[PDB]
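**Q** Before anything else, here's the structure in question.
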Amino acid sequence: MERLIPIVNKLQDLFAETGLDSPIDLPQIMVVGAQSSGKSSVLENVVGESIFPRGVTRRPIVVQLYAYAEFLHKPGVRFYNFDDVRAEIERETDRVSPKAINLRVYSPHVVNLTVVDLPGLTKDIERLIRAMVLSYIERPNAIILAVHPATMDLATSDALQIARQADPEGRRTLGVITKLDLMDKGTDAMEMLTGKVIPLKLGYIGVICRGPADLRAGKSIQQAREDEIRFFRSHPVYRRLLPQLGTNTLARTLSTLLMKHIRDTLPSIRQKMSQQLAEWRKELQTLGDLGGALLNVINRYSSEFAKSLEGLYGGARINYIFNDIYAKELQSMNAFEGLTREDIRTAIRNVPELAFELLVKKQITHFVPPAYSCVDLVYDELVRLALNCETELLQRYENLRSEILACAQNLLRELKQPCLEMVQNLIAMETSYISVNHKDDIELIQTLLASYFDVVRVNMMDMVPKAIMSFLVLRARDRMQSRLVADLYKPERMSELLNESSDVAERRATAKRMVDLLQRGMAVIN
């Protein structure tokens, strides 16, 4: 169905008019990249005209496709000059931030598509960008587009790592590899592109885009895509990969994924908008006890948190990170990894069992980093559960909402240190005792090394989830019920602090600036 992408666009403009003060969780694609990826060139390559500013964007840019353009902050403007479109992006950046710029570009050499560009990361202002990106990718219905150059490592990529912070398995995360003309054998990007190594479950698309020197001489985007097709066609190893690659393929893939994602998420979105509309109308009625309000509102958030973490979620994903990721990482760490035949002979020169203990002890140490990673991947899921609940939550939440999120996030920081220490201790117990009474020189030792290491691998795959459940996931639930209440009812700042949440009983009309937009948005879904 074509209609779905124009319906989502009408919902985005409305929210922005709203100013995108969240509330809704619309289904959309969010671009995450470092500044040196060339994400601006990827966006120019999709549109076909040179509309992105070059040579510090401080706002999200929402880009919708249907040459001319029009801007939501200039209603009914038929910009027939693409230089004025680029200059307006500079002006509406300099004029001010989470408030989106919405730019509708209409060209017929583009597909029906909608994409949101975010400020790029660099290798406190950067942390404000990094926090700003999280406000858009924590979102349950948001697809993450992770734009990485083949010039660099993709495993240690900032954009991949921040995507992991909201999606530890890359479930709703899609990879884009730029600069395939600068790819050699010495990078992860080739193995990821050929599907043999999967970090991201929506796949990998590779592109070639206008570089610095290229874009510094007026090279056309149409010509650059013709260059891109030509380069994949004549390259010795990319000739087999051409029907899965390029800007033309990327545009088809993005449109195809977005259209399906909108259709399957649309039933729940329609229910959610109706629920928020009913309750925000009650808030507008109310504005025309204080202690009972804090107790009821905080206690519901505690039950919303507990249930989601038991098994949108939460519990099923927490089970997925343990059993469908941490298990796969540990099951693909090899016995005899790094250790050569020469290492075993070196240990023998320094009773076979004494050589075995020294070799096993080194081999066991390699389970500390995935075991560490498993704790953080769960933390990344747990912090996001607050944001999932924040979108289900009644928009009617003054300084109380932000303080609840701040308390919940800081509470997760408390248990990170004991959980990590216990995970380090579990690996260290095995390296301290190496028990052979558990239920061809180098040949024998290599056999013994594998036999004990596989038993240790079984012990540390099951035990580390159990430690994370004890010191983080279970401990967080029980605690949230009373610690979240205690501080919110102890500063003495309350109820002045609570009262502070009052806004003078005036902000209620504005909540309407919020009620009206759902009434309009419901009419766009009917």
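Identifiers in this document derive from the order of the structure tokens: chains are assigned A, B, ..., residues are numbered from 1 separately in each chain, and ligands are numbered from 1 in order of occurrence.
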Determine which residues of range 83-214 of chain A DSSP labels as strand (DSSP E) from the backbone of this structure, then write them out as a PyMOL selection string.
**A** chain A and resi 101-106+113-117+142-149+173-178+204-206
**Q** Take the residues that were just selected and, keeping N, CA and C atoms, output them as a JSON list (two decimals), in the first residue's frame.
**A**
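The result, written out as again_7.json:
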[["chain", "number", "residue", "atom", "x", "y", "z"],
["A", 101, "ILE", "N", 13.53, 19.93, 12.05],
["A", 101, "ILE", "CA", 13.29, 20.66, 10.83],
["A", 101, "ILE", "C", 12.65, 19.66, 9.90],
["A", 102, "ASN", "N", 11.50, 19.99, 9.28],
["A", 102, "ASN", "CA", 10.85, 19.08, 8.36],
["A", 102, "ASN", "C", 10.91, 19.70, 6.98],
["A", 103, "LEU", "N", 11.56, 18.97, 6.06],
["A", 103, "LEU", "CA", 11.82, 19.35, 4.70],
["A", 103, "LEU", "C", 11.22, 18.29, 3.80],
["A", 104, "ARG", "N", 10.23, 18.69, 2.99],
["A", 104, "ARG", "CA", 9.64, 17.82, 2.02],
["A", 104, "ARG", "C", 10.24, 18.15, 0.67],
["A", 105, "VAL", "N", 11.06, 17.23, 0.12],
["A", 105, "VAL", "CA", 11.70, 17.41, -1.17],
["A", 105, "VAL", "C", 10.95, 16.56, -2.16],
["A", 106, "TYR", "N", 10.59, 17.12, -3.31],
["A", 106, "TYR", "CA", 9.81, 16.41, -4.27],
["A", 106, "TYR", "C", 10.61, 16.37, -5.55],
["A", 113, "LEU", "N", 9.72, 7.80, 0.28],
["A", 113, "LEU", "CA", 10.57, 7.44, 1.39],
["A", 113, "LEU", "C", 10.59, 8.60, 2.36],
["A", 114, "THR", "N", 10.86, 8.31, 3.64],
["A", 114, "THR", "CA", 10.98, 9.31, 4.69],
["A", 114, "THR", "C", 12.08, 8.87, 5.60],
["A", 115, "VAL", "N", 12.99, 9.80, 5.95],
["A", 115, "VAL", "CA", 14.18, 9.50, 6.71],
["A", 115, "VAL", "C", 14.49, 10.68, 7.59],
["A", 116, "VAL", "N", 15.03, 10.45, 8.80],
["A", 116, "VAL", "CA", 15.38, 11.51, 9.72],
["A", 116, "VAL", "C", 16.88, 11.49, 9.94],
["A", 117, "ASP", "N", 17.56, 12.60, 9.60],
["A", 117, "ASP", "CA", 18.97, 12.76, 9.84],
["A", 117, "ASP", "C", 19.19, 13.39, 11.21],
["A", 142, "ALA", "N", 11.20, 2.91, 15.98],
["A", 142, "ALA", "CA", 12.22, 3.52, 15.15],
["A", 142, "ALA", "C", 13.23, 2.52, 14.61],
["A", 143, "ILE", "N", 13.41, 2.51, 13.27],
["A", 143, "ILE", "CA", 14.44, 1.74, 12.60],
["A", 143, "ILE", "C", 15.72, 2.57, 12.60],
["A", 144, "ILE", "N", 16.85, 1.96, 12.97],
["A", 144, "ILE", "CA", 18.13, 2.65, 13.03],
["A", 144, "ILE", "C", 18.89, 2.39, 11.74],
["A", 145, "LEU", "N", 19.32, 3.45, 11.03],
["A", 145, "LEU", "CA", 20.15, 3.33, 9.86],
["A", 145, "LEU", "C", 21.56, 3.72, 10.25],
["A", 146, "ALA", "N", 22.48, 2.74, 10.31],
["A", 146, "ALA", "CA", 23.80, 2.94, 10.84],
["A", 146, "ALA", "C", 24.81, 3.08, 9.71],
["A", 147, "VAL", "N", 25.36, 4.29, 9.52],
["A", 147, "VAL", "CA", 26.16, 4.63, 8.34],
["A", 147, "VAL", "C", 27.64, 4.66, 8.70],
["A", 148, "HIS", "N", 28.41, 3.69, 8.16],
["A", 148, "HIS", "CA", 29.79, 3.44, 8.53],
["A", 148, "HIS", "C", 30.71, 3.49, 7.31],
["A", 149, "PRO", "N", 31.88, 4.11, 7.32],
["A", 149, "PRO", "CA", 32.81, 4.03, 6.20],
["A", 149, "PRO", "C", 33.63, 2.75, 6.20],
["A", 173, "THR", "N", 17.93, -2.50, 13.30],
["A", 173, "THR", "CA", 19.09, -1.73, 12.91],
["A", 173, "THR", "C", 19.63, -2.25, 11.59],
["A", 174, "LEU", "N", 19.80, -1.35, 10.60],
["A", 174, "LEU", "CA", 20.23, -1.64, 9.24],
["A", 174, "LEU", "C", 21.58, -0.98, 8.99],
["A", 175, "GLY", "N", 22.55, -1.71, 8.39],
["A", 175, "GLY", "CA", 23.88, -1.19, 8.15],
["A", 175, "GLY", "C", 24.09, -0.65, 6.76],
["A", 176, "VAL", "N", 24.72, 0.53, 6.66],
["A", 176, "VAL", "CA", 25.10, 1.12, 5.38],
["A", 176, "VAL", "C", 26.60, 1.31, 5.38],
["A", 177, "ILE", "N", 27.28, 0.71, 4.39],
["A", 177, "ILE", "CA", 28.73, 0.78, 4.25],
["A", 177, "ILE", "C", 29.07, 1.76, 3.14],
["A", 178, "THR", "N", 29.72, 2.88, 3.48],
["A", 178, "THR", "CA", 30.15, 3.88, 2.50],
["A", 178, "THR", "C", 31.60, 3.65, 2.12],
["A", 204, "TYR", "N", 23.01, -5.57, 5.37],
["A", 204, "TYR", "CA", 24.04, -4.61, 5.01],
["A", 204, "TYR", "C", 23.86, -4.21, 3.57],
["A", 205, "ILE", "N", 23.86, -2.89, 3.29],
["A", 205, "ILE", "CA", 23.87, -2.36, 1.93],
["A", 205, "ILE", "C", 25.13, -1.53, 1.79],
["A", 206, "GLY", "N", 25.88, -1.70, 0.69],
["A", 206, "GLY", "CA", 27.08, -0.91, 0.42],
["A", 206, "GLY", "C", 26.86, 0.10, -0.67]]
**Q** Neighbouring residues of residue 35 in chain A were defined as those with any atom within 10 Å, considering only C-alpha atoms; residues of the same chain fewer than 6 positions away were excluded. Please report them as a list in words.
**A** residues 56, 119, 120, 121, 122, 123, 147 and 148 of chain A
**Q** Would you export the selected residues with N, CA, C and O atoms as an mmCIF file, in the first residue's frame, please?
**A**
data_model
loop_
_atom_site.group_PDB
_atom_site.id
_atom_site.type_symbol
_atom_site.label_atom_id
_atom_site.label_comp_id
_atom_site.auth_asym_id
_atom_site.auth_seq_id
_atom_site.Cartn_x
_atom_site.Cartn_y
_atom_site.Cartn_z
ATOM 1 N N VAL A 56 27.795 21.638 10.604
ATOM 2 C CA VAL A 56 27.560 21.655 12.041
ATOM 3 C C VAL A 56 26.068 21.806 12.369
ATOM 4 O O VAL A 56 25.624 22.672 13.122
ATOM 5 N N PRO A 119 22.311 14.951 14.098
ATOM 6 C CA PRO A 119 23.688 15.434 14.219
ATOM 7 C C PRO A 119 24.727 14.324 14.357
ATOM 8 O O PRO A 119 24.523 13.391 15.128
ATOM 9 N N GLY A 120 25.830 14.366 13.579
ATOM 10 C CA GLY A 120 26.814 13.289 13.585
ATOM 11 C C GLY A 120 27.812 13.365 14.710
ATOM 12 O O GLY A 120 28.225 14.440 15.138
ATOM 13 N N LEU A 121 28.266 12.191 15.179
ATOM 14 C CA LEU A 121 29.279 12.071 16.213
ATOM 15 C C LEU A 121 30.688 12.322 15.686
ATOM 16 O O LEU A 121 30.958 12.244 14.486
ATOM 17 N N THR A 122 31.636 12.645 16.582
ATOM 18 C CA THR A 122 33.024 12.920 16.235
ATOM 19 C C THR A 122 33.927 12.011 17.031
ATOM 20 O O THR A 122 33.544 11.465 18.062
ATOM 21 N N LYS A 123 35.170 11.807 16.546
ATOM 22 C CA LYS A 123 36.163 11.023 17.254
ATOM 23 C C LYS A 123 37.174 11.940 17.914
ATOM 24 O O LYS A 123 37.413 13.064 17.483
ATOM 25 N N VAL A 147 25.359 4.292 9.518
ATOM 26 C CA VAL A 147 26.157 4.625 8.344
ATOM 27 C C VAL A 147 27.635 4.656 8.697
ATOM 28 O O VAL A 147 28.104 5.512 9.451
ATOM 29 N N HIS A 148 28.407 3.687 8.162
ATOM 30 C CA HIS A 148 29.790 3.436 8.528
ATOM 31 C C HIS A 148 30.708 3.487 7.309
ATOM 32 O O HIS A 148 30.347 2.929 6.275
#
**Q** Which residues come within 12 Å of residue 439 in chain A, counting only C-alpha atoms, excluding same-chain residues fewer than 3 positions away, as number ranges by chain?
**A** A: 435-436, 451-452, 455
**Q** Would you put the residues from that selection into a file with C-alpha atoms, as a PDB file, in the first residue's frame?
**A**
ATOM      1  CA  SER A 435      39.756 -29.425  38.548  1.00  0.00           C
ATOM      2  CA  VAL A 436      40.438 -32.591  36.509  1.00  0.00           C
ATOM      3  CA  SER A 451      38.138 -30.872  27.037  1.00  0.00           C
ATOM      4  CA  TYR A 452      38.437 -28.601  30.105  1.00  0.00           C
ATOM      5  CA  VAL A 455      33.281 -27.585  30.275  1.00  0.00           C
TER       6      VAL A 455
END
**Q** Residues near residue 83 in chain A, anyone? I mean within 10 Å using only C-alpha atoms, not counting same-chain ones fewer than 2 positions away, as a list in words.
**A**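 Within the cut-off, the hits are residues 49, 50, 51, 52, 53, 79, 80, 81, 85, 86, 87 and 88 of chain A.
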**Q** For those residues, write N, CA, C and O atoms to a file as an mmCIF file, in the first residue's frame.
**A**
data_model
loop_
_atom_site.group_PDB
_atom_site.id
_atom_site.type_symbol
_atom_site.label_atom_id
_atom_site.label_comp_id
_atom_site.auth_asym_id
_atom_site.auth_seq_id
_atom_site.Cartn_x
_atom_site.Cartn_y
_atom_site.Cartn_z
ATOM 1 N N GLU A 49 20.014 15.767 -5.729
ATOM 2 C CA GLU A 49 20.403 17.164 -5.793
ATOM 3 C C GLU A 49 21.223 17.524 -4.563
ATOM 4 O O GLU A 49 21.210 16.833 -3.545
ATOM 5 N N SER A 50 22.028 18.611 -4.636
ATOM 6 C CA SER A 50 23.085 18.865 -3.657
ATOM 7 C C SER A 50 22.621 19.811 -2.565
ATOM 8 O O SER A 50 23.022 20.974 -2.472
ATOM 9 N N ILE A 51 21.698 19.322 -1.724
ATOM 10 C CA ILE A 51 20.944 20.139 -0.791
ATOM 11 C C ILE A 51 21.446 20.092 0.634
ATOM 12 O O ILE A 51 20.903 20.778 1.495
ATOM 13 N N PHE A 52 22.513 19.334 0.949
ATOM 14 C CA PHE A 52 22.993 19.269 2.321
ATOM 15 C C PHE A 52 24.159 20.235 2.535
ATOM 16 O O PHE A 52 25.039 20.328 1.676
ATOM 17 N N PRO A 53 24.212 21.009 3.620
ATOM 18 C CA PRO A 53 25.293 21.958 3.851
ATOM 19 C C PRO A 53 26.571 21.264 4.288
ATOM 20 O O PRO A 53 26.544 20.152 4.811
ATOM 21 N N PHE A 79 10.001 25.902 -3.013
ATOM 22 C CA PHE A 79 11.369 26.246 -3.293
ATOM 23 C C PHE A 79 11.782 25.545 -4.566
ATOM 24 O O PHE A 79 11.970 24.331 -4.590
ATOM 25 N N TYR A 80 11.947 26.306 -5.658
ATOM 26 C CA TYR A 80 12.336 25.778 -6.957
ATOM 27 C C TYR A 80 13.830 25.973 -7.193
ATOM 28 O O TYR A 80 14.343 25.779 -8.290
ATOM 29 N N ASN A 81 14.575 26.363 -6.140
ATOM 30 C CA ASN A 81 16.015 26.497 -6.168
ATOM 31 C C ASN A 81 16.578 25.647 -5.038
ATOM 32 O O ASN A 81 16.274 25.866 -3.866
ATOM 33 N N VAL A 85 17.111 25.857 -0.691
ATOM 34 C CA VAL A 85 16.818 24.745 0.207
ATOM 35 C C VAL A 85 17.991 24.434 1.130
ATOM 36 O O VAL A 85 17.834 24.329 2.346
ATOM 37 N N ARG A 86 19.221 24.350 0.587
ATOM 38 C CA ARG A 86 20.420 24.144 1.381
ATOM 39 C C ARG A 86 20.701 25.273 2.365
ATOM 40 O O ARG A 86 20.945 25.048 3.550
ATOM 41 N N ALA A 87 20.587 26.529 1.897
ATOM 42 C CA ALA A 87 20.746 27.716 2.707
ATOM 43 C C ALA A 87 19.702 27.859 3.817
ATOM 44 O O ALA A 87 19.994 28.313 4.919
ATOM 45 N N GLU A 88 18.438 27.459 3.579
ATOM 46 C CA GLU A 88 17.412 27.428 4.610
ATOM 47 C C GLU A 88 17.700 26.435 5.735
ATOM 48 O O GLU A 88 17.445 26.709 6.905
#
**Q** Measure the distance from CA of residue 17 in chain A to CA of residue 73 in chain A in Å and round it to one decimal.
**A**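 Separating CA of residue 17 in chain A from CA of residue 73 in chain A is a distance of 8.7 Å.
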**Q** Using only C-alpha atoms, which residue out of A:62, A:209, A:442, A:67 lies closest to residue 231 in chain A?
**A**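 Nearest candidate to residue 231 in chain A out of A:62, A:209, A:442, A:67: A:209.
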**Q** Using only C-alpha atoms, determine which residues lie at most 7 Å from range 301-306 of chain A, disregarding the query and same-chain residues fewer than 6 positions distant; provide the list as a list in words.
**A**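 Near range 301-306 of chain A, the qualifying residues are residues 389, 477, 480 and 481 of chain A.
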**Q** Could the residues in this selection be written to a file with C-alpha atoms, as a PDB file, in the first residue's frame?
**A**
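As written to disk, out.pdb reads:
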ATOM      1  CA  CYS A 389       7.296   3.075  29.235  1.00  0.00           C
ATOM      2  CA  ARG A 477      12.634  -4.675  40.213  1.00  0.00           C
ATOM      3  CA  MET A 480      12.309   0.339  41.999  1.00  0.00           C
ATOM      4  CA  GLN A 481       9.095   0.061  44.049  1.00  0.00           C
TER       5      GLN A 481
END
**Q** So how many Å separate CA of residue 355 in chain A and CA of residue 445 in chain A, to one decimal?
**A**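 These atoms are spaced 8.0 Å apart.
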**Q** When you count only C-alpha atoms, which of these residues is closest to residue 182 in chain A: A:7, A:525, A:494, A:150?
**A**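 Ranking A:7, A:525, A:494, A:150 by distance to residue 182 in chain A, first place goes to A:150.
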**Q** Would you mind listing what lies within 12 Å of residue 198 in chain A as a ChimeraX atom specification, with only C-alpha atoms counted and same-chain residues fewer than 5 positions away left out?
**A** /A:154-155,169-171,173-175,188-193,203-204,325,328-329
**Q** Print the selection's residues with N, CA and C atoms to a file, as an mmCIF file, in the first residue's frame.
**A**
data_model
loop_
_atom_site.group_PDB
_atom_site.id
_atom_site.type_symbol
_atom_site.label_atom_id
_atom_site.label_comp_id
_atom_site.auth_asym_id
_atom_site.auth_seq_id
_atom_site.Cartn_x
_atom_site.Cartn_y
_atom_site.Cartn_z
ATOM 1 N N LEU A 154 34.443 -1.463 11.532
ATOM 2 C CA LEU A 154 33.006 -1.378 11.699
ATOM 3 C C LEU A 154 32.557 -2.040 12.992
ATOM 4 N N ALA A 155 33.396 -2.886 13.614
ATOM 5 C CA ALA A 155 33.130 -3.537 14.878
ATOM 6 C C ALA A 155 33.191 -2.558 16.044
ATOM 7 N N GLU A 169 21.095 -6.759 20.138
ATOM 8 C CA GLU A 169 21.052 -7.454 18.880
ATOM 9 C C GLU A 169 20.531 -6.449 17.883
ATOM 10 N N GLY A 170 21.127 -6.335 16.673
ATOM 11 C CA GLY A 170 20.725 -5.282 15.739
ATOM 12 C C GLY A 170 19.470 -5.609 14.979
ATOM 13 N N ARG A 171 18.363 -5.768 15.707
ATOM 14 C CA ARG A 171 17.070 -6.212 15.265
ATOM 15 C C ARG A 171 16.335 -5.271 14.348
ATOM 16 N N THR A 173 17.927 -2.501 13.305
ATOM 17 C CA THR A 173 19.093 -1.732 12.912
ATOM 18 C C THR A 173 19.633 -2.252 11.591
ATOM 19 N N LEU A 174 19.801 -1.354 10.600
ATOM 20 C CA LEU A 174 20.231 -1.642 9.241
ATOM 21 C C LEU A 174 21.577 -0.980 8.987
ATOM 22 N N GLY A 175 22.545 -1.712 8.388
ATOM 23 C CA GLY A 175 23.884 -1.188 8.153
ATOM 24 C C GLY A 175 24.087 -0.649 6.763
ATOM 25 N N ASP A 188 36.770 -5.431 8.511
ATOM 26 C CA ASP A 188 35.539 -6.119 8.837
ATOM 27 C C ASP A 188 34.446 -5.985 7.790
ATOM 28 N N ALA A 189 34.398 -4.812 7.132
ATOM 29 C CA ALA A 189 33.358 -4.407 6.220
ATOM 30 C C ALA A 189 33.127 -5.377 5.066
ATOM 31 N N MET A 190 34.195 -5.984 4.506
ATOM 32 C CA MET A 190 34.082 -6.992 3.461
ATOM 33 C C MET A 190 33.364 -8.276 3.896
ATOM 34 N N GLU A 191 33.690 -8.802 5.092
ATOM 35 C CA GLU A 191 33.054 -9.979 5.654
ATOM 36 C C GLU A 191 31.603 -9.757 6.056
ATOM 37 N N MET A 192 31.289 -8.578 6.633
ATOM 38 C CA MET A 192 29.921 -8.158 6.908
ATOM 39 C C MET A 192 29.075 -7.986 5.648
ATOM 40 N N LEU A 193 29.633 -7.351 4.596
ATOM 41 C CA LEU A 193 28.980 -7.146 3.312
ATOM 42 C C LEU A 193 28.639 -8.438 2.578
ATOM 43 N N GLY A 203 20.397 -6.531 7.801
ATOM 44 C CA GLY A 203 21.346 -6.674 6.706
ATOM 45 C C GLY A 203 22.264 -5.500 6.486
ATOM 46 N N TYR A 204 23.014 -5.568 5.371
ATOM 47 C CA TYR A 204 24.041 -4.614 5.009
ATOM 48 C C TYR A 204 23.861 -4.205 3.567
ATOM 49 N N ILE A 325 22.539 -14.379 21.640
ATOM 50 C CA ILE A 325 23.700 -13.533 21.356
ATOM 51 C C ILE A 325 24.870 -13.960 22.216
ATOM 52 N N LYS A 328 25.898 -17.430 21.418
ATOM 53 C CA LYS A 328 26.579 -17.484 20.133
ATOM 54 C C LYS A 328 27.994 -16.934 20.160
ATOM 55 N N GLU A 329 28.243 -15.814 20.876
ATOM 56 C CA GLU A 329 29.592 -15.310 21.090
ATOM 57 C C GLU A 329 30.467 -16.338 21.792
#
**Q** Which polymer residues have any atom within 9 Å of an atom of range 361-370 of chain A, counting only C-alpha atoms, with same-chain residues fewer than 3 positions away left out, as a PyMOL selection string?
**A** chain A and resi 326+329-330+333+335-339+356-358+373-375+423-424+427-428+430-432+434+449+453+456-457+460
**Q** Can you write just those residues out, C-alpha atoms, as a PDB file, in the first residue's frame?
**A**
ATOM      1  CA  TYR A 326      25.894 -14.221  24.463  1.00  0.00           C
ATOM      2  CA  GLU A 329      29.592 -15.310  21.090  1.00  0.00           C
ATOM      3  CA  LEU A 330      30.743 -17.940  23.626  1.00  0.00           C
ATOM      4  CA  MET A 333      35.143 -18.585  20.893  1.00  0.00           C
ATOM      5  CA  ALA A 335      39.491 -23.945  22.139  1.00  0.00           C
ATOM      6  CA  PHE A 336      43.137 -23.549  20.917  1.00  0.00           C
ATOM      7  CA  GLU A 337      42.399 -19.921  19.902  1.00  0.00           C
ATOM      8  CA  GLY A 338      45.655 -17.925  19.619  1.00  0.00           C
ATOM      9  CA  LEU A 339      47.680 -20.737  21.234  1.00  0.00           C
ATOM     10  CA  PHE A 356      48.265 -27.999  30.955  1.00  0.00           C
ATOM     11  CA  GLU A 357      47.433 -25.758  33.997  1.00  0.00           C
ATOM     12  CA  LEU A 358      49.469 -22.830  32.597  1.00  0.00           C
ATOM     13  CA  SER A 373      29.769  -7.352  27.377  1.00  0.00           C
ATOM     14  CA  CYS A 374      26.720  -9.384  28.464  1.00  0.00           C
ATOM     15  CA  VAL A 375      26.257  -7.148  31.571  1.00  0.00           C
ATOM     16  CA  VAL A 423      31.124 -11.524  36.685  1.00  0.00           C
ATOM     17  CA  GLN A 424      34.935 -11.012  36.945  1.00  0.00           C
ATOM     18  CA  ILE A 427      35.828 -16.336  35.528  1.00  0.00           C
ATOM     19  CA  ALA A 428      38.598 -15.937  38.168  1.00  0.00           C
ATOM     20  CA  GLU A 430      37.942 -21.273  37.230  1.00  0.00           C
ATOM     21  CA  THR A 431      41.516 -19.907  36.726  1.00  0.00           C
ATOM     22  CA  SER A 432      42.212 -20.460  40.445  1.00  0.00           C
ATOM     23  CA  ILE A 434      41.266 -26.105  37.318  1.00  0.00           C
ATOM     24  CA  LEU A 449      42.927 -27.983  26.751  1.00  0.00           C
ATOM     25  CA  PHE A 453      37.766 -25.355  28.137  1.00  0.00           C
ATOM     26  CA  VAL A 456      34.323 -24.058  31.482  1.00  0.00           C
ATOM     27  CA  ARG A 457      32.529 -22.579  28.428  1.00  0.00           C
ATOM     28  CA  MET A 460      30.308 -19.497  32.083  1.00  0.00           C
TER      29      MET A 460
END
**Q** At a cut-off of 9 Å, can you tabulate as a tab-separated table every residue of range 126-174 of chain A near range 379-388 of chain A together with its closest atom pair and the distance in Å to one decimal, using only C-alpha atoms and ordering rows by chain then number?
**A**
residue	atom	partner	partner_atom	distance
A:135	CA	A:387	CA	8.4
A:138	CA	A:384	CA	5.8
A:139	CA	A:388	CA	6.7
A:140	CA	A:388	CA	6.5
A:164	CA	A:380	CA	7.5
A:165	CA	A:380	CA	4.8
A:166	CA	A:380	CA	6.0
A:167	CA	A:381	CA	7.2
A:168	CA	A:380	CA	7.2
